[PDB]
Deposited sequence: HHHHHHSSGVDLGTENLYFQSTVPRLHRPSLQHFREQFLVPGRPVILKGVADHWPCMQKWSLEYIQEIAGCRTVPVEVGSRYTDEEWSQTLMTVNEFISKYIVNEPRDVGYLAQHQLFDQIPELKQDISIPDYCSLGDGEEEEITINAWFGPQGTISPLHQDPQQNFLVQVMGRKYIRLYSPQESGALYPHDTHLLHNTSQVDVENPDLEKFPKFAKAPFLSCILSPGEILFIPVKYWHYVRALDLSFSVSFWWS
């Protein structure tokens, strides 16, 4: 089934129908006019951030460091040799000027945590980046700025069909490749129900705490996530 889209729902409707029961939703009309939505071209990113060092996940997975200018040159603009992803990086703490182009969603105030503790991560990469199926320990608003992403969501109630890795370090990550699952080794995966969507610019996906999610970029993409409680 498809994740529902709601236009600027009230705080109470979001709380009662999505936050408390832990149900995903896409919020429309919330982030669509944030400055980032019109301002964040590649050229703007290069002007404001190009000389700064960022962590880049390549691939055989490795983590390296390079400037934003290098990342753009090697993994976005020139016919790249491998997939590189500027993933899960607190770019807005590093570059406070960019924080002026985003806002904390008002719905985060329904949480029990402090705004000071909300973690804001950038996710910037070419078409074809993949975040394998995993779950996070806080609520998440994933705001799509540039490009589209295909997202698959499985409830925590389906965890037994997703074959989490046994190591404590990877217990929040599935052993299954969502889009080409090995059903001989992971047969229960096939019948596990899920939601999916294509998340487009200006839209926010609410990923409830511990909801399993898998993400593939369909175009050159930039997302901003807000981890909150």
Original post:
Which parts of the deposited sequence lack C-alpha coordinates?
Top reply: 1-20, 80-85
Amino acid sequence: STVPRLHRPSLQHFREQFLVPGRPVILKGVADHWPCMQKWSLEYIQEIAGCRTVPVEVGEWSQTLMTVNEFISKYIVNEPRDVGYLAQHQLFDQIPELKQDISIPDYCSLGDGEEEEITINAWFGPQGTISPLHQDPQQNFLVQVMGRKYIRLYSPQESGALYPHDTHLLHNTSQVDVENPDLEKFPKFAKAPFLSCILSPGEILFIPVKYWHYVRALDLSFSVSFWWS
From here on, numbers count along this sequence of modelled residues.
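Basically, rigid core = biggest C-alpha set you can superpose within 1.5 Å across the two forms.
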Subject >> Stretch with greater C-alpha deviation in 5 other deposited structures of this protein, 61-69 versus 198-206 (rigid core superposition) >> reply: 61-69
**OP:** Output the stretch having the higher mean C-alpha B factor in the entry; the candidates are 213-221 and 10-18.
**Re:** 10-18
Subject >> 75-83 versus 119-127 - which carries the larger mean C-alpha B factor in the record >> reply: 75-83
Original post:
Among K149, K99, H89, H134, which residue carries the highest C-alpha B-factor recorded in the PDB entry?
Top reply: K99
Original post:
In the PDB entry, which of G202, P55, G160, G50 has its C-alpha at the highest B-factor?
Top reply: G160
**OP:** Going by the recorded CA B-factors, say which third of the chain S109 sits in, lowest, middle or highest.
**Re:** highest
Original post:
Should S103 be placed in the lowest, middle or highest third of its chain by the C-alpha B factor in the entry?
Top reply: highest
**OP:** Would you mind checking where the Cα B-factor of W61 ranks among the modelled residues of its chain, as the lowest, middle or highest third?
**Re:** highest
Subject >> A190 by Cα B-factor - lowest, middle or highest third of the modelled chain >> reply: highest
Original post:
Going by what the PDB entry lists, where does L169 fall on CA B-factor within its chain: lowest, middle or highest third?
Top reply: highest
